[PDB]
Structure formats: C-alpha cells, structure tokens
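Presented below, as structure tokens, is a lone chain in the form deposited without its partner chain.
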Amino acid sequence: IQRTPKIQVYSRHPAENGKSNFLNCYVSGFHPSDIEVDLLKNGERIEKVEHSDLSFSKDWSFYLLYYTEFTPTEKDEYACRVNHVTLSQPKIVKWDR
C-alpha cells in the first residue's frame, strides 16, 4: 500500500570547484504525497531551496524536484534529506560528483 521514495541527487553542470552550479534532488515513486525534503550544506538546512509543485507518474507515484544554487568546493559536503511515513527516520543521500 505505501511506497517508499527514491532519492536522486545530481548537479545541473559537471562539478568544478569554485564555479557556481545547481544542486538537484529528485524525489520520486512515493505514496502517500506528504513528504519533507531539505537540501543540506555541511549537515545544515539550506534556506534558499526551491521546489516543483506536486505531480505524479502514470502509476500514481508522486514526484518532486528540489533545487538550489551551490558553489562546490573540495571540502564542502552537500546532501538531500527526506522524511516520509515509510521511513523510520530522515534518509540522507549525499551528493557525489
């Protein structure tokens, strides 16, 4: 009955340290629709994150895109944190260039 989200973290452009880019977190295949998504920089919630309005696929699974401008560096860690009824606790998926 309930469907756990798939979480995909990717950058808009190939990563280059010091060059501005966009970090995307695509959350999909989940049911029901209620979900909490945050983009993190070094384990802290980024405030300037935008997101799509709710939509769903042909099989009725919901999906959302969360994104923010980011300037990757050698040290900084970025991630997507998701909470949903199907998850025991928030699931963190790290961005890996």
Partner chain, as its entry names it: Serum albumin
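Residue numbers count along the first chain shown, from 1.
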Report the stretch with the higher mean CA temperature factor, choosing between 85-93 and 5-13 on the basis of the entry.
85-93
39-47 versus 24-32: which one carries the higher mean Cα B factor per the record?
39-47
For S57, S52, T68, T71, the deposited C-alpha B-factor is largest at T71
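Another form, the form deposited with its partner chain bound, is not on view; read the next lines as being about it.
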Applying a 4.5 angstroms cut-off on non-hydrogen atoms, the residues of 29-53 near its partner chain in the entry with it bound are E50
